[PDB]
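Just so you know, structure 1 and structure 2 below are the same protein chain in two forms, each on its own as structure tokens.
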Structure 1
């Protein structure tokens, strides 16, 4: 499908070959797709405890031809979804802790001094004017402050 072709174009040949090796390990009978039986089996062998309904939910999430099983191109979609979700999570979680730390007076906002120290502590030389412009551009609602959602969006 459309979506399977996008997922593949996102991955290197090298990643795809590593995913095919894992897929071949789920596909216990070599038949070409992962069943409910097979998915639960390796999930339980990796210390997970899914319910049958959770096994069904996972399959249906990527099950584009309605077979009730996962073929390799569907597997690759499950993998790209997981990576992008990981990545997105890691970034927000890190920027949340950066905002926390450099909001040194704990008023809930980042001002131009605090913003200038984020950049210096990061090892990037920035000018005062650079900082004040980022402040301006970043201040979307024009209250003169940078709140968290403006911070996120700015970085």
Structure 2
């Protein structure tokens, strides 16, 4: 429940209303909570084949009142945990892909020449001062190269 108030804070009124419409769809008998059987129906329609224990595990994750079912507030907690997981996955994909694009010769690090080339190719004029500054900040051991960990660190924020 303080967790439920916390979940609601990550969302706008409109997002909560969309989740409410989804919640009601899943709640096949319209009683106010999603059961293991109701969860299973939606999962099977999504192509999954969870076992009864796996369905039970999913509900238990957020079942704060021990009802063995997911009410709307618990559902919001589940949705927010998932949105957070998805956001983190999207960021990791973007970071890896960005590195993949900058490291043109695939030697494991980005050097000044590669930085400059990707910006130019992207249609952006970047000054030498700017490249210098980027290298100063990203390159922590000062060897003129930004390896994957430095890149991650320099991308934080």
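The term rigid core refers to the most C-alpha atoms you can superpose between the two forms while keeping them within 1.5 Å. Residue numbers count along the first chain shown, from 1.
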Revision key, fill the gap. With the core superposed between structure 1 and structure 2, a CA shift of at least 2 Å among 60, 92, 86, 107 belongs only to 107
Review point. Core-aligned, does residue 142 move its Cα 2 Å or more between structure 1 and structure 2?
Key: yes
Point to revise | Core-aligned C-alpha movement of residue 39 between structure 1 and structure 2 reaching 2 Å | key: no
Practice item. Please check if residue 24 moves between structure 1 and structure 2, taking a CA shift of 2 Å or more relative to the superposed core as movement. Key: no
Revision key, fill the gap. Taking the rigid core as reference, the Cα of residue 122 travels between structure 1 and structure 2 a distance in Å of 6.0
Exercise for review: Once the rigid core is superposed, tell me how far the Cα of residue 74 moves between structure 1 and structure 2, in Å to one decimal.
Suggested key: 0.2
Check your understanding: By how many angstrom is the Cα of residue 9 displaced between structure 1 and structure 2 when the rigid core is overlaid?
Key -> 1.2
